[PDB]
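Got a structure for you, written out below as structure tokens; questions coming shortly.
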């Protein structure tokens, strides 16, 4: 019998809120990274942007205050922690990555706070640009591949 | 004068130990559930994970044995027994809950042994995922809200 | 591309056979050296004899012929090559040794052909006497310790 | 070339230990069954008790546990397997037997686990009572007769 304590805390004062999300039960549904349909072996880098579940556009984070707040954005490694989509039925995997800039250069490194700025009376967009490498080796099995990345807007 | 007996017992043989805790005086400090800063009325479900007081990551329970051991995890209802954080100065309360899975579905029911497995030469993590409902009604007073959940790793 | 030759040979004429073994798949299971149960720190030398997997007694090697053949017996150093039993889960080790005579004197030296005699119409026993030193220093972790010595009856 | 496997095992958890022994090299010296001096033809049954090599008294087996443990005791047939002492120089033999009770009735049958009990915080003695039949026929040659019985405390 090892009984222990867990201090719970919350500082209600002046915070920042994330728009574009829908409450899926008790977990914020931020959006979808839909690469679309594809064949077994694709030569072009498959690339799609996150579509917020609430509006359809990009996640719009706004802060509640008058001074420009600096908030951070961190995305995790997905269900299996290595950014791989898994086929619903078979065990095939599809490696992918999420970048922050339009040219697929600034990568959202696993469990890292990619910095962001936000001014009063404005909503800043969180570009989560997906990208998949060209698979010109083995044709992955037919079906639907999925993953659930947890995006962590933290301060 | 009602004098009575209390039998004390301890079976020293082959037990299981919880890592990630720090001994706060004579009580094991397991960690912190830090939701962060927030405004009076938040529309998004505030959500944070427990951070072990010893390492900063998740509580890592390991069992001192060779064969697999099935240990249980039970969390209580907090200081007031209804999972509410209380403002340090005023009497305002903030209802919350702790879940076990990443999607806020498998709730750690009050005083219930949520089962767990532990295997050869390994430390299993105890995910205590916090979650707070969207308060879009009354703005709670400014300040710090706290609670001390007692996590009970028992066999 | 380094292609090379491996000459395979077998002289079917008049050989010697080892009894008391059971074919585990494609590998001859000769027996078990069961020291039994023990505490963390034992003061007495733990000592047990090999029990053939086929009968339960000692390995009975018999030769096929009329003149007394001189066959040899060689035992290797175990899985890690230093005669140590390893805990199934943890990395603790238990040093041991196998002797040929009842008084733990004639050691089956690693990779050495301890000589043996065998006459016609008779089966000679191969005494593999195990012995473990008294550990009165550190208590090894609880669990099961194992090793697989490969006994090599060769001619 | 008949290569085979010998599984080695040891269960370090909660065992029983035998006191009164001295480690002769790598073999536990339990004691001596000294019948004493005698003439060629003795009419009285020669009778002596085992004297532990460590203390001089009876072998004291204690179990490292709290609850009672039922351990067994087995003695083998001696060097020649028929409980005969042999003269160091000549080939004369002296038949004997080891009993468990003081009245020479409960015989330690060859390779048999004579049961034994052991209790909380106590050392139980292992009475190995020797007994030799009255030789009133042929006078055995002068000299010293010996044998080495292997006592097997097993669980």
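Structural remarks
Letters A, B, C and D name the chains as they come in the text, with residue numbers starting at 1 for each one.
The rule we apply is simple: contacts are C-beta pairs under 8 Å (C-beta built on N, C-alpha and C of every residue); 3 or more make two chains touch, one makes a residue touch a chain.
Where touching is counted per the definition, the chains common to chain B and chain D are C.
Interface equivalence for C-D, evaluated over B-C or A-B, points to A-B, where over half of the contact pairs coincide by residue number.
Note: centroid distance chain B to chain C, computed from Cα atoms, is 52 Å. One inter-chain figure worth recording: chain A and chain B are separated by 27 Å, centre to centre, where each centre is the mean of the chain's CA atoms. Once the centre of each chain is set as its mean CA position, chain A and chain D turn out to be 76 Å apart.
Rounded to whole angstrom units, the spacing between the C-alpha centres of chain A and chain C is 58. The multi-chain contact residues of chain A, meaning those touching 2 or more other chains, do not exist; every residue touches at most one other chain. With chains as nodes and touching pairs as edges, the resulting graph is an open line.
Chain pairs that touch one another: A-B, B-C, C-D.
Looking at the complex, you find that chain B touches chain C at residues 14, 64-67, 120-121. By the touch rule above, chain D contacts chain C in their complex via residues 1-18, 21, 23-28, 64, 148, 150, 154-155.
Interface residues of chain C facing chain B in the complex, by the touch rule stated above, are 87-91, 141-144. On the chain B side of its complex with chain A, the touching residues are 16-18, 21, 24, 27-40, 42-47, 50, 75, 78, 85, 87, 94, 96-97, 99, 102-105, 128, 130-134, 140-155.
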